[PDB]
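Chemist: Sharing my_file_26.cif, mmCIF, C-alpha atoms:
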```cif
data_start
#
loop_
_atom_site.label_atom_id
_atom_site.label_comp_id
_atom_site.auth_asym_id
_atom_site.auth_seq_id
_atom_site.Cartn_x
_atom_site.Cartn_y
_atom_site.Cartn_z
CA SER L 3 -29.27 126.00 92.16
CA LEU L 4 -29.80 122.98 89.94
CA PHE L 5 -29.39 124.82 86.62
CA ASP L 6 -26.13 126.47 87.69
CA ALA L 7 -22.59 125.31 87.42
CA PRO L 8 -21.00 125.23 90.83
CA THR L 9 -18.95 128.32 91.26
CA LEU L 10 -15.16 127.90 91.23
CA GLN L 11 -13.65 128.37 94.69
CA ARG L 12 -10.45 126.45 94.03
CA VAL L 13 -8.53 125.38 90.97
CA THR L 14 -6.20 122.44 90.87
CA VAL L 15 -3.08 123.30 88.86
CA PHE L 16 -0.71 120.76 87.30
CA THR L 17 2.66 122.01 86.25
CA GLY L 18 6.35 121.10 86.20
CA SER L 19 8.84 120.96 89.06
CA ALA L 20 11.26 122.60 86.63
CA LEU L 21 10.99 126.20 85.44
CA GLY L 22 11.54 125.13 81.87
CA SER L 23 13.53 127.03 79.28
CA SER L 24 11.67 130.32 78.94
CA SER L 25 11.34 133.11 81.48
CA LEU L 26 7.85 133.43 79.93
CA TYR L 27 6.46 130.38 81.78
CA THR L 28 7.34 131.96 85.08
CA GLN L 29 5.67 135.20 84.04
CA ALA L 30 2.60 133.40 82.70
CA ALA L 31 2.08 131.43 85.80
CA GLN L 32 2.38 134.55 87.96
CA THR L 33 -0.28 136.25 85.84
CA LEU L 34 -2.75 133.40 86.15
CA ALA L 35 -2.25 133.34 89.94
CA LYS L 36 -3.01 137.08 90.12
CA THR L 37 -6.11 136.74 87.86
CA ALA L 38 -7.31 133.76 89.89
CA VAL L 39 -7.12 135.51 93.23
CA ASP L 40 -8.72 138.59 91.69
CA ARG L 41 -11.82 136.41 91.14
CA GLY L 42 -11.42 134.88 94.65
CA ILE L 43 -10.29 131.52 93.31
CA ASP L 44 -7.67 129.79 95.48
CA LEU L 45 -5.04 127.19 94.57
CA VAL L 46 -4.78 123.46 94.98
CA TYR L 47 -1.54 121.89 93.64
CA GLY L 48 1.09 119.23 94.39
CA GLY L 49 2.88 121.07 97.26
CA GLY L 50 6.34 121.74 95.76
CA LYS L 51 8.68 124.71 96.27
CA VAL L 52 10.72 124.76 93.01
CA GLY L 53 10.02 125.22 89.34
CA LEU L 54 6.61 126.27 88.11
CA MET L 55 4.92 124.46 91.01
CA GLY L 56 6.80 126.75 93.41
CA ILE L 57 6.30 129.80 91.21
CA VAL L 58 2.54 129.43 91.08
CA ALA L 59 2.09 128.69 94.77
CA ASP L 60 4.25 131.67 95.70
CA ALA L 61 2.43 134.00 93.35
CA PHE L 62 -0.86 132.88 94.91
CA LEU L 63 0.29 133.55 98.47
CA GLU L 64 1.84 136.85 97.49
CA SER L 65 -1.26 138.15 95.78
CA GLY L 66 -3.07 137.33 99.07
CA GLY L 67 -4.89 134.12 98.00
CA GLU L 68 -4.55 130.71 99.73
CA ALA L 69 -2.72 127.61 98.55
CA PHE L 70 -3.31 123.95 99.52
CA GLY L 71 -0.58 121.53 98.63
CA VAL L 72 -0.99 117.77 98.71
CA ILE L 73 2.18 115.84 98.87
CA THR L 74 3.33 112.29 99.71
CA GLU L 75 5.26 110.80 102.65
CA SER L 76 8.10 109.88 100.30
CA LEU L 77 8.33 113.51 99.10
CA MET L 78 8.00 114.99 102.60
CA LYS L 79 10.75 112.71 103.99
CA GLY L 80 12.98 113.93 101.10
CA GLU L 81 12.06 117.43 102.47
CA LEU L 82 10.57 118.72 99.16
CA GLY L 83 7.39 120.24 100.58
CA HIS L 84 6.64 123.95 100.67
CA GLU L 85 6.66 125.28 104.21
CA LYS L 86 4.60 128.39 104.12
CA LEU L 87 1.39 127.09 102.58
CA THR L 88 -2.11 127.76 103.76
CA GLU L 89 -2.48 124.01 104.29
CA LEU L 90 -0.31 121.00 103.42
CA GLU L 91 -1.82 117.55 103.38
CA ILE L 92 0.63 114.65 103.58
CA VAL L 93 -0.72 111.35 102.11
CA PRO L 94 0.71 107.80 101.81
CA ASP L 95 1.08 107.63 97.98
CA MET L 96 0.81 109.15 94.52
CA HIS L 97 -2.65 107.75 93.85
CA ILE L 98 -4.19 109.26 96.98
CA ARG L 99 -2.35 112.48 96.16
CA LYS L 100 -4.05 112.71 92.77
CA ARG L 101 -7.41 111.62 94.19
CA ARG L 102 -7.22 114.33 96.82
CA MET L 103 -6.11 117.04 94.46
CA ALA L 104 -9.13 116.17 92.33
CA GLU L 105 -11.68 116.20 95.22
CA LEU L 106 -10.33 119.57 96.45
CA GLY L 107 -10.35 121.32 93.11
CA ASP L 108 -13.44 122.77 91.44
CA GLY L 109 -11.63 122.65 88.12
CA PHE L 110 -8.29 121.67 86.60
CA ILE L 111 -5.62 123.66 84.80
CA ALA L 112 -2.51 122.26 83.01
CA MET L 113 0.34 124.71 82.74
CA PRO L 114 3.57 123.74 81.08
CA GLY L 115 5.29 120.71 82.47
CA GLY L 116 6.49 117.29 81.66
CA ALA L 117 5.45 113.69 82.07
CA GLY L 118 3.94 114.13 85.50
CA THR L 119 1.80 117.00 84.27
CA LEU L 120 0.51 114.75 81.46
CA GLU L 121 -0.11 111.92 83.98
CA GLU L 122 -2.44 114.24 85.90
CA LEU L 123 -4.12 115.98 82.99
CA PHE L 124 -5.13 112.82 81.19
CA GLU L 125 -6.37 111.23 84.34
CA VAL L 126 -8.77 114.02 85.23
CA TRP L 127 -9.87 114.33 81.60
CA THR L 128 -10.52 110.57 81.46
CA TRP L 129 -12.54 110.89 84.62
CA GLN L 130 -14.64 113.68 83.16
CA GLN L 131 -15.43 111.31 80.31
CA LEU L 132 -16.42 108.53 82.62
CA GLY L 133 -18.65 110.84 84.65
CA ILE L 134 -16.49 110.56 87.76
CA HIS L 135 -16.58 114.35 88.03
CA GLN L 136 -18.18 117.14 86.04
CA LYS L 137 -15.47 119.77 86.60
CA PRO L 138 -13.90 121.70 83.75
CA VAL L 139 -10.49 120.77 82.36
CA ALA L 140 -8.31 123.46 80.86
CA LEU L 141 -5.03 123.86 79.02
CA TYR L 142 -3.09 127.05 79.64
CA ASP L 143 -1.48 127.44 76.19
CA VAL L 144 1.46 129.62 77.11
CA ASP L 145 3.25 130.49 73.90
CA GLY L 146 1.46 127.60 72.14
CA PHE L 147 3.11 125.05 74.43
CA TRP L 148 0.18 122.66 74.22
CA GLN L 149 -0.20 122.84 70.39
CA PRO L 150 1.65 119.58 69.79
CA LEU L 151 -0.61 117.80 72.30
CA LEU L 152 -3.64 119.13 70.48
CA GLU L 153 -2.29 117.84 67.19
CA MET L 154 -1.88 114.45 68.91
CA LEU L 155 -5.40 114.43 70.25
CA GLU L 156 -6.74 115.59 66.83
CA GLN L 157 -5.04 112.61 65.23
CA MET L 158 -6.42 110.29 67.90
CA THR L 159 -9.89 111.64 67.32
CA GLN L 160 -9.54 111.17 63.57
CA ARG L 161 -8.44 107.55 64.02
CA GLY L 162 -11.52 107.00 66.18
CA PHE L 163 -10.08 106.62 69.69
CA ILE L 164 -11.54 109.81 71.07
CA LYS L 165 -14.99 111.26 70.53
CA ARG L 166 -14.80 114.60 68.84
CA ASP L 167 -17.36 115.94 71.36
CA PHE L 168 -15.08 115.23 74.33
CA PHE L 169 -12.06 116.77 72.64
CA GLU L 170 -14.08 119.89 71.89
CA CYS L 171 -15.00 120.29 75.61
CA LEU L 172 -11.43 120.85 76.45
CA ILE L 173 -10.76 124.46 77.28
CA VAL L 174 -7.61 125.86 75.65
CA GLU L 175 -6.68 129.52 76.12
CA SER L 176 -3.37 131.36 76.27
CA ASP L 177 -5.09 134.42 77.96
CA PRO L 178 -5.61 133.82 81.69
CA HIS L 179 -8.78 135.94 81.97
CA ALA L 180 -10.21 133.98 79.08
CA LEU L 181 -9.12 130.70 80.54
CA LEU L 182 -10.81 131.24 83.87
CA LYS L 183 -13.87 132.82 82.29
CA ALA L 184 -14.40 129.71 80.21
CA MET L 185 -13.90 127.59 83.29
CA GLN L 186 -16.55 129.45 85.21
CA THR L 187 -19.14 129.32 82.51
CA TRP L 188 -18.32 125.72 81.52
CA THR L 189 -21.02 123.03 81.66
CA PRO L 190 -20.52 119.41 80.70
CA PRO L 191 -21.93 118.25 77.36
CA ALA L 192 -25.26 116.39 77.51
CA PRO L 193 -24.79 112.63 77.33
CA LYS L 194 -28.06 112.54 75.47
CA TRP L 195 -26.37 114.01 72.38
CA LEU L 196 -22.80 112.73 72.08
CA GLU L 197 -21.36 111.81 68.60
CA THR W 9 12.80 88.07 82.81
CA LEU W 10 9.43 89.12 81.31
CA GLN W 11 6.67 86.69 82.26
CA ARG W 12 3.56 88.89 82.32
CA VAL W 13 3.20 92.10 80.33
CA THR W 14 0.66 94.83 81.19
CA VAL W 15 -0.99 96.21 78.03
CA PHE W 16 -2.79 99.54 77.74
CA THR W 17 -4.97 99.97 74.67
CA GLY W 18 -8.11 101.57 73.44
CA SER W 19 -11.65 100.82 74.55
CA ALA W 20 -12.71 101.38 70.87
CA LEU W 21 -11.47 99.62 67.74
CA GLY W 22 -10.33 102.67 65.83
CA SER W 23 -11.21 103.61 62.26
CA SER W 24 -9.02 100.98 60.57
CA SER W 25 -8.71 97.28 60.96
CA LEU W 26 -4.91 97.59 61.01
CA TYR W 27 -5.07 98.11 64.80
CA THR W 28 -6.99 94.91 65.41
CA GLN W 29 -4.49 93.00 63.41
CA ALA W 30 -1.46 94.44 65.07
CA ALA W 31 -3.04 93.74 68.38
CA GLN W 32 -3.54 90.11 67.29
CA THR W 33 -0.03 89.68 65.97
CA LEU W 34 1.47 91.20 69.11
CA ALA W 35 -0.49 88.74 71.31
CA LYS W 36 0.80 85.79 69.30
CA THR W 37 4.35 87.04 69.51
CA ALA W 38 4.10 87.44 73.23
CA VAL W 39 2.57 83.97 73.76
CA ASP W 40 5.38 82.43 71.75
CA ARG W 41 7.76 84.18 74.15
CA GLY W 42 5.96 82.58 77.06
CA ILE W 43 4.48 85.88 78.10
CA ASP W 44 1.03 86.28 79.64
CA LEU W 45 -1.32 89.27 79.39
CA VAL W 46 -2.23 91.63 82.20
CA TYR W 47 -4.79 94.29 81.28
CA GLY W 48 -7.80 96.22 82.48
CA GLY W 49 -10.26 93.40 81.89
CA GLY W 50 -12.54 94.76 79.11
CA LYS W 51 -14.22 93.12 76.09
CA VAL W 52 -14.76 96.21 74.04
CA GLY W 53 -12.44 97.71 71.42
CA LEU W 54 -8.83 96.67 71.27
CA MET W 55 -8.95 95.49 74.89
CA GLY W 56 -11.24 92.65 73.78
CA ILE W 57 -9.24 92.01 70.68
CA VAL W 58 -5.93 91.60 72.52
CA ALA W 59 -7.38 89.43 75.29
CA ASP W 60 -9.12 87.16 72.80
CA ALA W 61 -5.96 86.87 70.82
CA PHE W 62 -3.83 85.83 73.79
CA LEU W 63 -6.42 83.19 74.73
CA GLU W 64 -6.98 81.86 71.26
CA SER W 65 -3.19 81.57 70.76
CA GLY W 66 -2.65 79.30 73.72
CA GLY W 67 -1.78 81.96 76.31
CA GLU W 68 -3.38 83.32 79.47
CA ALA W 69 -5.00 86.65 80.14
CA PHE W 70 -5.51 88.25 83.56
CA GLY W 71 -7.93 91.21 83.92
CA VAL W 72 -8.18 93.81 86.64
CA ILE W 73 -11.45 95.79 86.40
CA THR W 74 -13.42 98.12 88.72
CA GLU W 75 -16.88 97.31 90.10
CA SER W 76 -18.33 100.18 88.09
CA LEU W 77 -16.99 99.00 84.77
CA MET W 78 -18.11 95.47 85.50
CA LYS W 79 -21.64 96.87 86.17
CA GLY W 80 -21.40 98.74 82.89
CA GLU W 81 -21.26 95.49 80.79
CA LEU W 82 -17.64 96.11 79.71
CA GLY W 83 -16.03 93.13 81.39
CA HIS W 84 -14.65 90.06 79.75
CA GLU W 85 -16.16 86.89 81.18
CA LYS W 86 -13.84 84.33 79.66
CA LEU W 87 -10.45 85.35 80.89
CA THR W 88 -7.98 83.20 82.75
CA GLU W 89 -8.76 85.27 85.82
CA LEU W 90 -10.57 88.55 86.35
CA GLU W 91 -10.09 90.55 89.53
CA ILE W 92 -12.71 93.01 90.60
CA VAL W 93 -11.50 96.00 92.52
CA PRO W 94 -13.11 99.04 94.17
CA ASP W 95 -11.69 101.81 91.99
CA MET W 96 -9.46 102.96 89.16
CA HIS W 97 -6.44 103.56 91.36
CA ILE W 98 -6.44 100.09 92.94
CA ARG W 99 -6.81 98.77 89.44
CA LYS W 100 -3.66 100.54 88.26
CA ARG W 101 -1.77 99.52 91.44
CA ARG W 102 -2.61 95.94 90.56
CA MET W 103 -1.83 96.08 86.86
CA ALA W 104 1.54 97.55 87.76
CA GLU W 105 2.27 94.94 90.47
CA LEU W 106 1.42 92.08 88.13
CA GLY W 107 3.29 93.44 85.14
CA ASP W 108 6.95 92.93 84.37
CA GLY W 109 6.75 95.60 81.70
CA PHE W 110 4.24 97.90 79.98
CA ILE W 111 3.05 98.25 76.42
CA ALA W 112 0.80 100.95 75.10
CA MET W 113 -0.96 99.99 71.87
CA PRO W 114 -3.17 102.47 70.17
CA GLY W 115 -5.90 104.08 72.21
CA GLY W 116 -7.24 107.36 73.51
CA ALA W 117 -7.38 109.31 76.72
CA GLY W 118 -7.69 106.23 78.93
CA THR W 119 -4.64 104.72 77.41
CA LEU W 120 -2.70 107.97 77.59
CA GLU W 121 -3.53 108.24 81.27
CA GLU W 122 -2.26 104.74 82.14
CA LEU W 123 0.82 105.15 79.91
CA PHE W 124 1.88 108.40 81.47
CA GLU W 125 1.36 107.23 84.94
CA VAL W 126 3.66 104.24 84.58
CA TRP W 127 6.20 106.22 82.54
CA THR W 128 6.33 108.96 85.10
CA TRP W 129 6.70 106.49 87.87
CA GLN W 130 9.65 104.92 86.04
CA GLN W 131 11.24 108.41 86.03
CA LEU W 132 10.81 108.55 89.81
CA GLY W 133 12.31 105.13 90.52
CA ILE W 134 8.96 103.75 91.72
CA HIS W 135 9.69 100.83 89.40
CA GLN W 136 12.44 99.89 86.95
CA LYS W 137 10.32 98.14 84.36
CA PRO W 138 10.44 98.75 80.61
CA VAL W 139 7.75 100.97 79.17
CA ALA W 140 7.11 100.60 75.41
CA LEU W 141 5.02 102.10 72.66
CA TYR W 142 3.68 99.82 69.90
CA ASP W 143 3.88 102.24 67.02
CA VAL W 144 1.27 100.81 64.65
CA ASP W 145 1.09 102.75 61.35
CA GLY W 146 3.06 105.56 63.05
CA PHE W 147 0.22 105.99 65.52
CA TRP W 148 2.48 107.32 68.27
CA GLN W 149 4.54 109.71 66.13
CA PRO W 150 2.54 112.77 67.18
CA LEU W 151 3.06 111.82 70.78
CA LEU W 152 6.81 111.55 70.24
CA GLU W 153 6.76 114.95 68.63
CA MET W 154 5.03 116.34 71.70
CA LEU W 155 7.52 114.69 74.00
CA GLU W 156 10.36 115.92 71.80
CA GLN W 157 9.25 119.51 72.24
CA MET W 158 8.80 119.12 75.97
CA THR W 159 12.35 117.83 76.15
CA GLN W 160 13.54 120.79 74.10
CA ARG W 161 11.68 123.19 76.39
CA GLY W 162 13.30 121.82 79.57
CA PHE W 163 10.52 119.70 81.11
CA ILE W 164 11.72 116.19 80.39
CA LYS W 165 15.16 114.79 80.91
CA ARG W 166 16.51 113.73 77.48
CA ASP W 167 18.15 110.73 79.05
CA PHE W 168 14.79 109.50 80.23
CA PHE W 169 12.98 110.17 76.92
CA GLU W 170 15.61 108.07 75.16
CA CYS W 171 14.95 105.08 77.36
CA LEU W 172 11.39 105.00 76.06
CA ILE W 173 10.93 101.96 73.68
CA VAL W 174 9.24 102.63 70.29
CA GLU W 175 8.69 99.90 67.71
CA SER W 176 6.13 99.10 65.04
CA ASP W 177 7.17 95.49 64.67
CA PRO W 178 6.23 93.19 67.62
CA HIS W 179 9.28 90.94 67.52
CA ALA W 180 11.46 94.05 67.75
CA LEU W 181 9.26 95.46 70.50
CA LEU W 182 9.41 92.44 72.71
CA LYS W 183 13.15 91.98 72.18
CA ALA W 184 13.72 95.69 73.08
CA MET W 185 11.74 95.09 76.26
CA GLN W 186 13.64 91.87 77.05
CA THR W 187 17.14 93.49 76.79
CA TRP W 188 16.31 96.93 78.25
CA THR W 189 18.30 98.66 81.06
CA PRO W 190 16.96 101.44 83.38
CA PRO W 191 18.06 105.15 83.14
#
```
Take the structure from the file and write it as structure tokens.

Modeler:
Amino acid sequence: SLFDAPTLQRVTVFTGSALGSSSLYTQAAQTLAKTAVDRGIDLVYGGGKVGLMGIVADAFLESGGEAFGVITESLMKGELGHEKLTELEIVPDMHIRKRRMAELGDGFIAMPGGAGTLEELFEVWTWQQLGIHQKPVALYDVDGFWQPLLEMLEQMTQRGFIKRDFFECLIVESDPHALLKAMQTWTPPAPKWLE
Amino acid sequence: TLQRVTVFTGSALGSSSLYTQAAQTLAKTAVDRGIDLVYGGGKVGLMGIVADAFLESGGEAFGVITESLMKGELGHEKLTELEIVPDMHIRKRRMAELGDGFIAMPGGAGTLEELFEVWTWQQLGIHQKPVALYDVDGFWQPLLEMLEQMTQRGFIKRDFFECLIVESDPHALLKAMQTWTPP
């Protein structure tokens, strides 16, 4: 229906190819995967087998959900792709990879990661602002990991480079049930009233 | 050597005229070095400011813009050359091909997005070009603080974070770019 948000069938997850320095990030990813599958949401992600990327894909498969990785030729030649995925799309470059992860997902989540995770997050958020998609964008704030980013965006907003209304449409939860609940009920803000 | 530099900067002007001025001063400094501008082709915000400044100072400015943004009345019509491309990704492929290095002046989410793409791709060996942050009025300090924590939590190689250029003065910035070596 026209008044309804599309219902989330898949979520695209951005996260590190390292595990990072707390056991907690491995736990927290596992929990989200379980919650996701509980609501019949499947996973789209970058197709890796190590670090949090690997953790989250494995947790998804193990809870009995599905998992669609999208990976490049370069990465597949260097034999870095996960081998037991529901599907694994191999594409010529990093652009197409991001484009395809964004077409496949019904929403985006950023779990802890580094530069690459930021590359992906800001792109999809920018695109939301340009009207290229109207899918929700969320930060999984595991042990406050994303708090420094929020301080940075708050400062950018104050200096006038980001509209407060966009920044406030960013979902940030540390609880996974909350996170996905906000993603399901999310609607984009009316262009009619931005300020 | 550095002949063209790709600049990422905000589509708005920001709440203080300091940014406009720094953007102007940087363009002059780069023209004096013989360096031309490559950027996303807009006339609004600091994009417009920096492109005007390169032109008015005797230098050249090349824009790469999508068909959509052109249609949106955001394009600059008095550049040295303006390429029109299908989409955002071809636009970044081209800005990266044309650039010999990358500078991120103040901006928002659009700027962040371009910045992180080319930084990440430096980490992966896709290119070996300097990436620099023009730290006007400490604008990028909160970003460095975020990166510092990510490095302390295991998600960014310290080695790589240290190869990131950060400078508030434009003569220092361009010299840092000119003498930089890869990680």

Chemist: Select residues of chain W: the criterion is any atom within 9 Å of an atom of chain L, counting all atoms listed in the file; output as a ChimeraX atom specification.

Modeler: /W:18-24,97-98,101,114-129,131,147-151,153-155,157-164

Chemist: Quick check on the file I pasted: which residues fall under the PyMOL selection byres ((chain W and resi 12) around 9)? Write them as a ChimeraX atom specification.

Modeler: /W:10-11,13-14,42-46,106-109

Chemist: Go ahead and write the selection's residues with C-alpha atoms as a PDB file, keeping the file's coordinate frame.

Modeler:
```pdb
ATOM      1  CA  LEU W  10       9.430  89.120  81.310  1.00  0.00           C
ATOM      2  CA  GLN W  11       6.670  86.690  82.260  1.00  0.00           C
ATOM      3  CA  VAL W  13       3.200  92.100  80.330  1.00  0.00           C
ATOM      4  CA  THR W  14       0.660  94.830  81.190  1.00  0.00           C
ATOM      5  CA  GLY W  42       5.960  82.580  77.060  1.00  0.00           C
ATOM      6  CA  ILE W  43       4.480  85.880  78.100  1.00  0.00           C
ATOM      7  CA  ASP W  44       1.030  86.280  79.640  1.00  0.00           C
ATOM      8  CA  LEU W  45      -1.320  89.270  79.390  1.00  0.00           C
ATOM      9  CA  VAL W  46      -2.230  91.630  82.200  1.00  0.00           C
ATOM     10  CA  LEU W 106       1.420  92.080  88.130  1.00  0.00           C
ATOM     11  CA  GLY W 107       3.290  93.440  85.140  1.00  0.00           C
ATOM     12  CA  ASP W 108       6.950  92.930  84.370  1.00  0.00           C
ATOM     13  CA  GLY W 109       6.750  95.600  81.700  1.00  0.00           C
TER      14      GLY W 109
END
```

Chemist: Evaluating the PyMOL selection byres ((chain L and resi 38) around 12) on the displayed file yields which residues, as a PDB file with C-alpha atoms, keeping the file's coordinate frame?

Modeler:
```pdb
ATOM      1  CA  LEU L  10     -15.160 127.900  91.230  1.00  0.00           C
ATOM      2  CA  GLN L  11     -13.650 128.370  94.690  1.00  0.00           C
ATOM      3  CA  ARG L  12     -10.450 126.450  94.030  1.00  0.00           C
ATOM      4  CA  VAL L  13      -8.530 125.380  90.970  1.00  0.00           C
ATOM      5  CA  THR L  14      -6.200 122.440  90.870  1.00  0.00           C
ATOM      6  CA  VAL L  15      -3.080 123.300  88.860  1.00  0.00           C
ATOM      7  CA  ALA L  31       2.080 131.430  85.800  1.00  0.00           C
ATOM      8  CA  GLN L  32       2.380 134.550  87.960  1.00  0.00           C
ATOM      9  CA  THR L  33      -0.280 136.250  85.840  1.00  0.00           C
ATOM     10  CA  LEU L  34      -2.750 133.400  86.150  1.00  0.00           C
ATOM     11  CA  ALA L  35      -2.250 133.340  89.940  1.00  0.00           C
ATOM     12  CA  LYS L  36      -3.010 137.080  90.120  1.00  0.00           C
ATOM     13  CA  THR L  37      -6.110 136.740  87.860  1.00  0.00           C
ATOM     14  CA  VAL L  39      -7.120 135.510  93.230  1.00  0.00           C
ATOM     15  CA  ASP L  40      -8.720 138.590  91.690  1.00  0.00           C
ATOM     16  CA  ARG L  41     -11.820 136.410  91.140  1.00  0.00           C
ATOM     17  CA  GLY L  42     -11.420 134.880  94.650  1.00  0.00           C
ATOM     18  CA  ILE L  43     -10.290 131.520  93.310  1.00  0.00           C
ATOM     19  CA  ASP L  44      -7.670 129.790  95.480  1.00  0.00           C
ATOM     20  CA  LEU L  45      -5.040 127.190  94.570  1.00  0.00           C
ATOM     21  CA  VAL L  46      -4.780 123.460  94.980  1.00  0.00           C
ATOM     22  CA  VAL L  58       2.540 129.430  91.080  1.00  0.00           C
ATOM     23  CA  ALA L  59       2.090 128.690  94.770  1.00  0.00           C
ATOM     24  CA  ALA L  61       2.430 134.000  93.350  1.00  0.00           C
ATOM     25  CA  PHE L  62      -0.860 132.880  94.910  1.00  0.00           C
ATOM     26  CA  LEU L  63       0.290 133.550  98.470  1.00  0.00           C
ATOM     27  CA  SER L  65      -1.260 138.150  95.780  1.00  0.00           C
ATOM     28  CA  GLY L  66      -3.070 137.330  99.070  1.00  0.00           C
ATOM     29  CA  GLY L  67      -4.890 134.120  98.000  1.00  0.00           C
ATOM     30  CA  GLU L  68      -4.550 130.710  99.730  1.00  0.00           C
ATOM     31  CA  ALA L  69      -2.720 127.610  98.550  1.00  0.00           C
ATOM     32  CA  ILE L 111      -5.620 123.660  84.800  1.00  0.00           C
ATOM     33  CA  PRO L 178      -5.610 133.820  81.690  1.00  0.00           C
ATOM     34  CA  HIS L 179      -8.780 135.940  81.970  1.00  0.00           C
ATOM     35  CA  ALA L 180     -10.210 133.980  79.080  1.00  0.00           C
ATOM     36  CA  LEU L 181      -9.120 130.700  80.540  1.00  0.00           C
ATOM     37  CA  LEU L 182     -10.810 131.240  83.870  1.00  0.00           C
ATOM     38  CA  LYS L 183     -13.870 132.820  82.290  1.00  0.00           C
ATOM     39  CA  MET L 185     -13.900 127.590  83.290  1.00  0.00           C
ATOM     40  CA  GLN L 186     -16.550 129.450  85.210  1.00  0.00           C
TER      41      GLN L 186
END
```

Chemist: Find the spatial neighbours of segment 28-37 of chain W, counting all atoms listed in the file, within a cut-off of 10 Å - ignore same-chain residues fewer than 4 positions away - and output them as an mmCIF file with C-alpha atoms, in the coordinates of the input.

Modeler:
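Result file is selection25.cif:
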```
data_model
loop_
_atom_site.group_PDB
_atom_site.id
_atom_site.type_symbol
_atom_site.label_atom_id
_atom_site.label_comp_id
_atom_site.auth_asym_id
_atom_site.auth_seq_id
_atom_site.Cartn_x
_atom_site.Cartn_y
_atom_site.Cartn_z
ATOM 1 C CA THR W 17 -4.970 99.970 74.670
ATOM 2 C CA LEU W 21 -11.470 99.620 67.740
ATOM 3 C CA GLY W 22 -10.330 102.670 65.830
ATOM 4 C CA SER W 24 -9.020 100.980 60.570
ATOM 5 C CA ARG W 41 7.760 84.180 74.150
ATOM 6 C CA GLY W 42 5.960 82.580 77.060
ATOM 7 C CA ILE W 43 4.480 85.880 78.100
ATOM 8 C CA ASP W 44 1.030 86.280 79.640
ATOM 9 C CA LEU W 45 -1.320 89.270 79.390
ATOM 10 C CA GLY W 53 -12.440 97.710 71.420
ATOM 11 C CA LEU W 54 -8.830 96.670 71.270
ATOM 12 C CA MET W 55 -8.950 95.490 74.890
ATOM 13 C CA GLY W 56 -11.240 92.650 73.780
ATOM 14 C CA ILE W 57 -9.240 92.010 70.680
ATOM 15 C CA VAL W 58 -5.930 91.600 72.520
ATOM 16 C CA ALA W 59 -7.380 89.430 75.290
ATOM 17 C CA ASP W 60 -9.120 87.160 72.800
ATOM 18 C CA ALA W 61 -5.960 86.870 70.820
ATOM 19 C CA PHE W 62 -3.830 85.830 73.790
ATOM 20 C CA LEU W 63 -6.420 83.190 74.730
ATOM 21 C CA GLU W 64 -6.980 81.860 71.260
ATOM 22 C CA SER W 65 -3.190 81.570 70.760
ATOM 23 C CA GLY W 66 -2.650 79.300 73.720
ATOM 24 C CA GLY W 67 -1.780 81.960 76.310
ATOM 25 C CA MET W 113 -0.960 99.990 71.870
ATOM 26 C CA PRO W 114 -3.170 102.470 70.170
ATOM 27 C CA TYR W 142 3.680 99.820 69.900
ATOM 28 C CA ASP W 143 3.880 102.240 67.020
ATOM 29 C CA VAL W 144 1.270 100.810 64.650
ATOM 30 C CA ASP W 145 1.090 102.750 61.350
ATOM 31 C CA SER W 176 6.130 99.100 65.040
ATOM 32 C CA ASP W 177 7.170 95.490 64.670
ATOM 33 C CA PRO W 178 6.230 93.190 67.620
ATOM 34 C CA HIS W 179 9.280 90.940 67.520
ATOM 35 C CA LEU W 181 9.260 95.460 70.500
ATOM 36 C CA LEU W 182 9.410 92.440 72.710
#
```

Chemist: Rounded to one decimal place, report the atom CA of residue 193 of chain L-atom CA of residue 50 of chain W distance in Å.

Modeler: 21.7 Å
